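First the structure, in the form of C-alpha cells, and then the observations on it.
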Amino acid sequence: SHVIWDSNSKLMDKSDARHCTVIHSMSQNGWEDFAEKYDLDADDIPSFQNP
Amino acid sequence: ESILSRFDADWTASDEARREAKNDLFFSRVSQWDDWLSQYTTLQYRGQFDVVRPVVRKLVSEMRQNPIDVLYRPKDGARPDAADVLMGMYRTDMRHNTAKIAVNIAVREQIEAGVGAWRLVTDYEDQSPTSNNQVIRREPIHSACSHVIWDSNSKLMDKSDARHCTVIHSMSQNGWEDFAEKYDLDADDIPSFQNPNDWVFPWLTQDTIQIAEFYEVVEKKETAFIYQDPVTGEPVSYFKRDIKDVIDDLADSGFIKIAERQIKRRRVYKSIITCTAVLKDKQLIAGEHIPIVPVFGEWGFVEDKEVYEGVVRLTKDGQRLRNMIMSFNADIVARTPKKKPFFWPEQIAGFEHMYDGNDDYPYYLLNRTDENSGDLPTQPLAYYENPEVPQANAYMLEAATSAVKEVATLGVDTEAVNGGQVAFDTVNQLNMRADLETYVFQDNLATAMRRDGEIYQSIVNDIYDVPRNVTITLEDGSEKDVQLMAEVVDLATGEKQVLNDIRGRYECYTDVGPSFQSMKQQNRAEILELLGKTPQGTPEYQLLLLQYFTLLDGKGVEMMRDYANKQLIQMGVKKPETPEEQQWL
Amino acid sequence: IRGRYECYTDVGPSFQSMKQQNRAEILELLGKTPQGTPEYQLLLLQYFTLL
Amino acid sequence: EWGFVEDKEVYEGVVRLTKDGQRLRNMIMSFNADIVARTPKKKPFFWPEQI
C-alpha cells in the first residue's frame, strides 16, 4: 500500500545496491519473539507515511 | 498497566466488535435467511425463501476430489520391512476413523461464518493403552461462529513462536461435562462478556459459559546462553541475537569448560491471562514440540478489515426485490374493493336476494332518469386501474438471472485434460498436512525395531569380549540357521526419548501431488487416456512377472510370497524386500 | 479394552475385494495386464472365482 | 513484464475497462427500490365527491 520504491527492478541478480526496500509493519501483538531484537526503550516514537 | 498485556489485546479484538461483527452478522444473514434489518413498514407474509445454499454445495463437490491415498515417499537403501509399528500409522486402516464425516459441515464455516478449529482427545488418550497402535481421527471444535475471531497474526505459520493461544469450548447449562476429565471445580466466577446485540435486546440471553485456558504463555524456550565475557563477567547482559560468527576465535589456548547443557532457568511469570479470573491449576500441557491440531481457513486483508466475502455476493437484489413486487401485484386486491363496476345501480348497497351470487334472470329495476342534466352519455368506460409497466419487470428478471449466474465462472471444464485445479482444494492440503504431523511428530517410548532391553541395552554381546577361543554355530545338525541366532542382536550408540535431529525417523512426511501419485502409481497413471503407451516385445514376457501387482496384501495372495519364481533361478529374480530363503546355499 | 476388534468401517468405494476391484472399474475396460508367457502363474490359477 | 511510460508509473490493471464497464445497468435500479416513497400514492381517482 504505502511502499513504492523506484531503484532498479530488472536483473534478478541485482548487481545494484543489493538491498531491497525494507519496511515491516504489524499490530501491537508483535511482542512475540520480536523481543529478541532491540528492546531498549522499545519505542523510538516514530511514524511512517500513514495517509 | 503492563501487568496485563494480552488483555488489552482482547480489547484489541474490540476493533472487530464495531466493524467486523457487523460483517459476520451479515455473513450469517446474507447467506442464511433475512438480510436487511431496518424494519420500516413491511409486508404481510414472509419467511420461506432461502434459494441461497445450492450454488455452493455443487461446487464443493470438487472439495471431495482430493483423497490421494498417500504413502511414505519410498526410500533407497531403507527397507522398513520389519520396522513394523512405526510407520504403520497408515495401517490405522479401520482401527479408528470416527468423526471424519463431519468435515462436510467443516466446509460450511469456511464460507458462512468465522472458521472454527478441531478438537483432540486431550494429549495422551486414556482409552485402552494396549501396546502401541492407538489413535483417533479428526474431531472438530464447537461454535466459533458469532462471538470472537482471532487477532494474532493471520499470515501463514512458520512460528517457532507462541502458537494457538486459545481454547474455549462450551455452550449450555449442561456444559460442565467438557472439563470433567479434569478436577472439575464447581461454580466460581461466571463473568459477563461476549454480548452481541443491536442494543435493543428484545429477546433474553444472560447466558455466558465462557472459560479461558492457555497453559504456558510466552514460555520463551530459547537458547540465549552466553559466557566467557571479556572482563569480570558483567551481569544483566541477555545477548539478543541467535547468529554466531565473529566470536569464532578469541582466546587462542586460554581456557576450557567441559560441561554439557544443564539449564537452570528462572521463570518470569506475569499472569495466566484474564482480567479478574485465575482458576486453572496444578497441570500444564505438552512440551517443546507442537502437535496442536487447529488449522487455518482462507481470508485476505490489508487494514483492520479481514473479509473473504462469500459466493453469496451476487443474488442479493435479485432476491429482495422479487419479494417486494408482492406490493405491486398481490397487494392491489387488498387496496381495491374487489372490482365493482356500477353504472346506475339506483339501489345502492347490494341486496340479499338480488346479489348473493345467485342466478337471477331479471335483475329487475334500472331507471335512467335523473335531475336536470341534458341528454348525452356519461360513460364509466374510463377504467380506473389497469396493470402498469409489466414489461420492464418482466425483463428485469432475465437481466437479474444473468447477473446472479455470472459468478459461477471458474475453470469451466467438461472432461479429459486441462482440469480445474484452483486455490481452495490446493490450500486445504496445508490443512491436511497437519494430519501426519499430529501423528508422527515425535514418539518417545516405542520406536524399537528389535527389543533393546531399554536403557539396559547391553543384551548378550559380551561373549565376543572374552580373550580365549571364541566360536560360532558348528557341526550342522537338525539345528543350523534360525532367525535371531546369536551374532550380535543389539544396538550400540544411543537411542533415547526425543533425540530430535539424529536421523532415522523424521524423514516420513506428506506427498501432496495430483490425484494418484507414486508408491509405484505415477507410471501407470501417465498412460493418460486411450491406451498404447506401454512398450512391447519379447523381454517383457520374463520381466512382467512380479512388480505389476497392485494387490499387495489380499486374502489368498500370501500363498505366493515365499515360493515366487523358484525352479530355474539362474535367470535371476527380484528377490524382494524379504530374501528369507537361502538353505542349501 | 476399547479399539481392538477385526470388524470396523471400511468406507470407501463400492468395489468388492473378491475378484472385482481390478476389473470392477466400469468405464475403464482392459489393458492394465498385458501379454506374457510366465503369466500362467496368474492365468492358470488366480482367475478362478469360487467365492 | 508490462509496458512503461515514464519514471515508474501508475499501475495499469485489467480493471481499467471494468470501472464503468458495468455502465448503466444500474439505471433500471433507479425506477424501483426506494423511489416509490418519492411517488405520492399513484392515485386512482374519479368521481369521488365525498368532499
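By convention in this document, the chains of the C-alpha cells carry letters A, B, ... by their order, each chain's residues are numbered from 1, and ligands are numbered from 1 in the order they are shown.
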Find the nearest atom pair between each residue of chain D and chain A for residues within 12 Å, count only C-alpha atoms, give distances in Å to one decimal, sort rows by chain and ascending number, and present the table as JSON lines.
{"residue": "D:1", "atom": "CA", "partner": "A:10", "partner_atom": "CA", "distance": 9.8}
{"residue": "D:2", "atom": "CA", "partner": "A:10", "partner_atom": "CA", "distance": 11.9}
{"residue": "D:6", "atom": "CA", "partner": "A:6", "partner_atom": "CA", "distance": 11.6}
{"residue": "D:7", "atom": "CA", "partner": "A:6", "partner_atom": "CA", "distance": 8.1}
{"residue": "D:8", "atom": "CA", "partner": "A:6", "partner_atom": "CA", "distance": 6.6}
{"residue": "D:9", "atom": "CA", "partner": "A:6", "partner_atom": "CA", "distance": 9.7}
{"residue": "D:10", "atom": "CA", "partner": "A:4", "partner_atom": "CA", "distance": 10.7}
{"residue": "D:11", "atom": "CA", "partner": "A:4", "partner_atom": "CA", "distance": 11.3}
What does the file look like for those residues with N, CA and C atoms, as a CSV table (one decimal), in the first residue's frame?
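Saved result, out_22.csv, follows:
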chain,number,residue,atom,x,y,z
D,1,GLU,N,6.2,-8.5,-16.2
D,1,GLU,CA,6.6,-7.9,-17.5
D,1,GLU,C,5.5,-7.2,-18.1
D,2,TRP,N,5.5,-5.8,-18.1
D,2,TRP,CA,4.5,-5.0,-18.6
D,2,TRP,C,5.1,-3.9,-19.4
D,6,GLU,N,6.8,6.5,-18.1
D,6,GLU,CA,7.8,7.4,-17.6
D,6,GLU,C,8.2,7.0,-16.1
D,7,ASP,N,9.4,7.3,-15.7
D,7,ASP,CA,9.8,7.1,-14.3
D,7,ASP,C,9.4,5.7,-13.9
D,8,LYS,N,8.7,5.6,-12.8
D,8,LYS,CA,7.8,4.5,-12.5
D,8,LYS,C,6.4,5.1,-12.2
D,9,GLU,N,5.4,4.3,-12.5
D,9,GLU,CA,4.1,4.9,-13.1
D,9,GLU,C,2.9,4.3,-12.4
D,10,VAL,N,1.8,4.9,-12.6
D,10,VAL,CA,0.5,4.4,-12.2
D,10,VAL,C,0.3,3.0,-12.8
D,11,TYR,N,-0.2,2.1,-11.9
D,11,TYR,CA,-0.3,0.7,-12.3
D,11,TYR,C,-1.5,0.5,-13.2
### Message
Env of residue 525 of chain B: 10 Å cut, atoms = only C-alpha atoms, seq-sep filter 6 positions within chain, self excluded. Answer as a list in words.
### Response
residues 515, 516, 517 and 518 of chain B
8 Å contacts from chain A to chain B using only C-alpha atoms, as a PDB file with N, CA, C and O atoms, in the first residue's frame:
ATOM      1  N   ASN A  29       0.432  -6.710  18.799  1.00  0.00           N
ATOM      2  CA  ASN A  29       0.691  -8.056  19.289  1.00  0.00           C
ATOM      3  C   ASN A  29       2.079  -8.550  18.907  1.00  0.00           C
ATOM      4  O   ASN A  29       2.437  -9.682  19.244  1.00  0.00           O
ATOM      5  N   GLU A  32       5.709 -10.936  20.859  1.00  0.00           N
ATOM      6  CA  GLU A  32       6.118 -12.196  20.252  1.00  0.00           C
ATOM      7  C   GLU A  32       7.545 -12.574  20.633  1.00  0.00           C
ATOM      8  O   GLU A  32       7.953 -12.414  21.789  1.00  0.00           O
ATOM      9  N   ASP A  33       8.310 -13.079  19.665  1.00  0.00           N
ATOM     10  CA  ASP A  33       9.739 -13.290  19.814  1.00  0.00           C
ATOM     11  C   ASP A  33      10.528 -12.064  19.375  1.00  0.00           C
ATOM     12  O   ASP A  33      11.760 -12.072  19.449  1.00  0.00           O
ATOM     13  N   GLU A  36      13.485 -10.403  20.916  1.00  0.00           N
ATOM     14  CA  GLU A  36      14.824 -10.900  20.648  1.00  0.00           C
ATOM     15  C   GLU A  36      15.599  -9.966  19.722  1.00  0.00           C
ATOM     16  O   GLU A  36      16.680 -10.333  19.254  1.00  0.00           O
ATOM     17  N   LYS A  37      15.039  -8.796  19.400  1.00  0.00           N
ATOM     18  CA  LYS A  37      15.782  -7.730  18.740  1.00  0.00           C
ATOM     19  C   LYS A  37      15.426  -6.391  19.376  1.00  0.00           C
ATOM     20  O   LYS A  37      14.277  -6.162  19.764  1.00  0.00           O
ATOM     21  N   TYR A  38      16.427  -5.515  19.479  1.00  0.00           N
ATOM     22  CA  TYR A  38      16.282  -4.150  20.003  1.00  0.00           C
ATOM     23  C   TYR A  38      15.759  -4.241  21.433  1.00  0.00           C
ATOM     24  O   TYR A  38      16.437  -4.852  22.278  1.00  0.00           O
TER      25      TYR A  38
END
Go through chain B residue by residue and, counting only C-alpha atoms, keep those with an atom at most 8 Å from chain D; for each kept residue give the shortest atom pair and its distance in Å to one decimal, ordered by chain and increasing number, as JSON lines.
{"residue": "B:321", "atom": "CA", "partner": "D:33", "partner_atom": "CA", "distance": 7.4}
{"residue": "B:384", "atom": "CA", "partner": "D:44", "partner_atom": "CA", "distance": 6.0}
{"residue": "B:385", "atom": "CA", "partner": "D:44", "partner_atom": "CA", "distance": 6.4}
{"residue": "B:396", "atom": "CA", "partner": "D:28", "partner_atom": "CA", "distance": 7.8}
Selected residues written out with N, CA, C and O atoms, as a PDB file, in the first residue's frame:
ATOM      1  N   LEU B 321     -35.935  -7.926  -4.158  1.00  0.00           N
ATOM      2  CA  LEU B 321     -36.819  -7.132  -4.998  1.00  0.00           C
ATOM      3  C   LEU B 321     -37.999  -7.973  -5.476  1.00  0.00           C
ATOM      4  O   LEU B 321     -39.136  -7.487  -5.515  1.00  0.00           O
ATOM      5  N   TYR B 384     -60.588   3.201 -14.369  1.00  0.00           N
ATOM      6  CA  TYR B 384     -59.882   3.243 -13.082  1.00  0.00           C
ATOM      7  C   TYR B 384     -58.522   2.580 -13.289  1.00  0.00           C
ATOM      8  O   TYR B 384     -57.713   3.112 -14.063  1.00  0.00           O
ATOM      9  N   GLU B 385     -58.222   1.467 -12.625  1.00  0.00           N
ATOM     10  CA  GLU B 385     -56.873   0.928 -12.673  1.00  0.00           C
ATOM     11  C   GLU B 385     -56.726  -0.098 -13.784  1.00  0.00           C
ATOM     12  O   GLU B 385     -57.652  -0.848 -14.102  1.00  0.00           O
ATOM     13  N   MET B 396     -36.486  -7.314 -16.369  1.00  0.00           N
ATOM     14  CA  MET B 396     -35.632  -7.201 -15.193  1.00  0.00           C
ATOM     15  C   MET B 396     -35.270  -8.576 -14.666  1.00  0.00           C
ATOM     16  O   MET B 396     -34.130  -8.811 -14.248  1.00  0.00           O
TER      17      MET B 396
END
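Across the model, the gap from atom CA of residue 12 of chain C to atom CA of residue 51 of chain C is 21.6 Å.
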### Task
With a distance threshold of 9 Å and counting only C-alpha atoms, extract the residues of chain B near chain C and express them as a PyMOL selection string.
chain B and resi 93-98+127-130+134+524+531-532+534+536+538+540-545+548+550-551+554-555
Let me see the file: selected residues, C-alpha atoms, as a JSON list (two decimals), in the first residue's frame.
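Saved result, selection12.json, follows:
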[["chain", "number", "residue", "atom", "x", "y", "z"],
["B", 93, "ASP", "CA", -6.93, -48.90, 8.46],
["B", 94, "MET", "CA", -10.37, -49.31, 10.06],
["B", 95, "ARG", "CA", -8.83, -49.28, 13.56],
["B", 96, "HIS", "CA", -10.34, -45.87, 14.31],
["B", 97, "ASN", "CA", -11.64, -43.25, 11.88],
["B", 98, "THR", "CA", -14.76, -41.94, 13.61],
["B", 127, "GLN", "CA", -8.90, -45.42, 26.23],
["B", 128, "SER", "CA", -7.21, -48.86, 26.22],
["B", 129, "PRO", "CA", -3.45, -48.16, 26.30],
["B", 130, "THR", "CA", -2.87, -51.62, 24.79],
["B", 134, "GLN", "CA", -3.81, -46.38, 19.31],
["B", 524, "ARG", "CA", 0.73, -46.37, -14.73],
["B", 531, "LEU", "CA", -4.00, -46.89, -24.47],
["B", 532, "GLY", "CA", -0.83, -47.94, -26.28],
["B", 534, "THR", "CA", 3.22, -49.32, -22.93],
["B", 536, "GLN", "CA", 6.17, -54.21, -26.16],
["B", 538, "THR", "CA", 9.65, -60.45, -26.01],
["B", 540, "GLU", "CA", 8.58, -58.24, -21.02],
["B", 541, "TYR", "CA", 7.46, -61.86, -21.03],
["B", 542, "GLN", "CA", 10.16, -62.55, -18.44],
["B", 543, "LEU", "CA", 10.18, -59.06, -16.86],
["B", 544, "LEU", "CA", 6.38, -58.81, -16.31],
["B", 545, "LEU", "CA", 6.34, -61.45, -13.56],
["B", 548, "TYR", "CA", 2.84, -55.42, -11.70],
["B", 550, "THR", "CA", -1.22, -53.60, -7.15],
["B", 551, "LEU", "CA", -2.89, -56.05, -4.75],
["B", 554, "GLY", "CA", -5.13, -59.59, -0.37],
["B", 555, "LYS", "CA", -6.89, -62.63, 1.06]]
### Task
Determine which residues of chain D DSSP labels as helix (DSSP H, G or I) from the backbone of this structure, then write them out as number ranges by chain.
D: 23-31
### Message
Applying 12 Å and only C-alpha atoms, which residues near segment 275-286 of chain B remain after dropping the ones on its own chain fewer than 4 positions away? List them as number ranges by chain.
### Response
B: 1, 3-11, 122-124, 179, 182-193, 210-217, 219, 270-271, 290-292, 442
Write the residues of the preceding selection, restricted to C-alpha atoms, as a compact mmCIF listing (two decimals), in the first residue's frame.
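Saved as out.txt:
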# COMPACT_ATOMS: atom_id res chain seq x y z
CA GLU B 1 -0.67 -1.07 33.41
CA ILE B 3 0.76 -6.03 34.35
CA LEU B 4 -1.92 -7.03 31.83
CA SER B 5 -0.69 -7.18 28.23
CA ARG B 6 -2.75 -9.70 26.25
CA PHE B 7 -5.94 -8.50 27.96
CA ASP B 8 -5.99 -5.21 26.07
CA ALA B 9 -5.28 -7.49 23.13
CA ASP B 10 -8.75 -8.77 23.94
CA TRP B 11 -9.68 -5.09 23.77
CA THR B 122 -6.50 -34.34 25.28
CA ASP B 123 -2.90 -35.42 24.62
CA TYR B 124 -2.27 -38.99 25.82
CA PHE B 179 -13.70 -30.22 31.67
CA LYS B 182 -10.02 -32.64 34.86
CA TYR B 183 -10.60 -31.80 38.51
CA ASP B 184 -13.93 -30.12 37.62
CA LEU B 185 -14.31 -27.28 40.10
CA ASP B 186 -17.84 -26.04 40.80
CA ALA B 187 -19.29 -22.61 40.05
CA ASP B 188 -16.87 -19.80 40.92
CA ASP B 189 -16.60 -16.75 38.69
CA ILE B 190 -19.16 -16.71 35.84
CA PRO B 191 -18.14 -13.42 34.18
CA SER B 192 -20.40 -11.29 31.98
CA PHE B 193 -18.94 -10.74 28.49
CA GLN B 210 -17.07 -18.60 28.78
CA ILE B 211 -13.85 -20.14 30.11
CA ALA B 212 -10.33 -19.15 29.02
CA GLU B 213 -7.42 -21.61 29.31
CA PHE B 214 -3.92 -21.45 27.94
CA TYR B 215 -1.27 -23.40 29.80
CA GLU B 216 2.13 -21.71 29.29
CA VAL B 217 2.11 -18.17 27.86
CA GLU B 219 7.05 -19.69 27.63
CA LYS B 270 3.08 -12.21 34.92
CA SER B 271 -0.41 -13.70 34.77
CA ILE B 290 3.71 -28.50 18.76
CA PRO B 291 1.20 -31.27 17.93
CA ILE B 292 -1.57 -28.67 18.06
CA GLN B 442 7.66 -37.50 17.93
Which neighbours of residue 15 of chain C fall inside 9 Å, counting only C-alpha atoms, when residues of the same chain fewer than 4 positions from it are skipped, and could you give them as a CSV table (one decimal) with N, CA, C and O atoms, in the first residue's frame?
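For reference, result_23.csv as written:
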chain,number,residue,atom,x,y,z
C,20,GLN,N,-13.1,-58.4,-8.0
C,20,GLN,CA,-13.8,-57.3,-8.7
C,20,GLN,C,-12.8,-56.2,-8.9
C,20,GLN,O,-12.5,-55.8,-10.1
C,21,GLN,N,-12.3,-55.6,-7.9
C,21,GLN,CA,-11.7,-54.2,-7.9
C,21,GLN,C,-10.8,-54.0,-9.2
C,21,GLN,O,-10.8,-53.0,-9.8
C,24,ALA,N,-13.3,-54.1,-11.7
C,24,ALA,CA,-14.6,-53.6,-11.3
C,24,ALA,C,-14.8,-52.1,-11.7
C,24,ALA,O,-15.9,-51.6,-11.5
C,25,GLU,N,-13.7,-51.4,-12.1
C,25,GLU,CA,-14.0,-50.1,-12.7
C,25,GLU,C,-14.9,-50.4,-14.0
C,25,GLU,O,-14.5,-51.2,-14.8
### Message
So that I can see what lies close to residue 150 of chain B, please list as a PyMOL selection string the residues with an atom at most 10 Å from it, counting only C-alpha atoms and leaving out residues fewer than 6 positions away in the same chain.
### Response
chain B and resi 10+13+16+114+164-166
Go ahead and write the selection's residues with C-alpha atoms as a CSV table (one decimal), in the first residue's frame.
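What ended up in selection_26.csv:
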chain,number,residue,atom,x,y,z
B,10,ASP,CA,-8.8,-8.8,23.9
B,13,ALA,CA,-10.2,-7.7,19.5
B,16,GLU,CA,-13.9,-6.3,15.3
B,114,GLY,CA,-15.9,-17.4,11.2
B,164,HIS,CA,-2.6,-21.4,19.1
B,165,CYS,CA,-3.2,-19.0,22.0
B,166,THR,CA,-6.8,-20.0,22.9
### Message
Give me, as a PyMOL selection string, all polymer residues having an atom no more than 9 Å from residue 314 of chain B, counting only C-alpha atoms and skipping those fewer than 3 positions away in the same chain.
### Response
chain B and resi 311+317-318+403-407
File of the preceding selection, C-alpha atoms, as a compact mmCIF listing (two decimals), in the first residue's frame:
# COMPACT_ATOMS: atom_id res chain seq x y z
CA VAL B 311 -20.16 -16.82 -3.04
CA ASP B 317 -31.04 -7.51 -5.14
CA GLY B 318 -32.30 -10.32 -7.37
CA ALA B 403 -26.04 -11.14 -13.14
CA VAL B 404 -26.52 -13.82 -10.48
CA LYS B 405 -25.28 -16.54 -12.82
CA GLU B 406 -22.08 -14.70 -13.71
CA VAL B 407 -20.09 -15.67 -10.59
### Task
Enter the distance from atom CA of residue 139 of chain B to atom CA of residue 433 of chain B, in Å, rounded to one decimal.
15.7 Å
### Task
Between atom CA of residue 14 of chain C and atom CA of residue 61 of chain B, measure the distance and give it in Å to one decimal.
18.2 Å
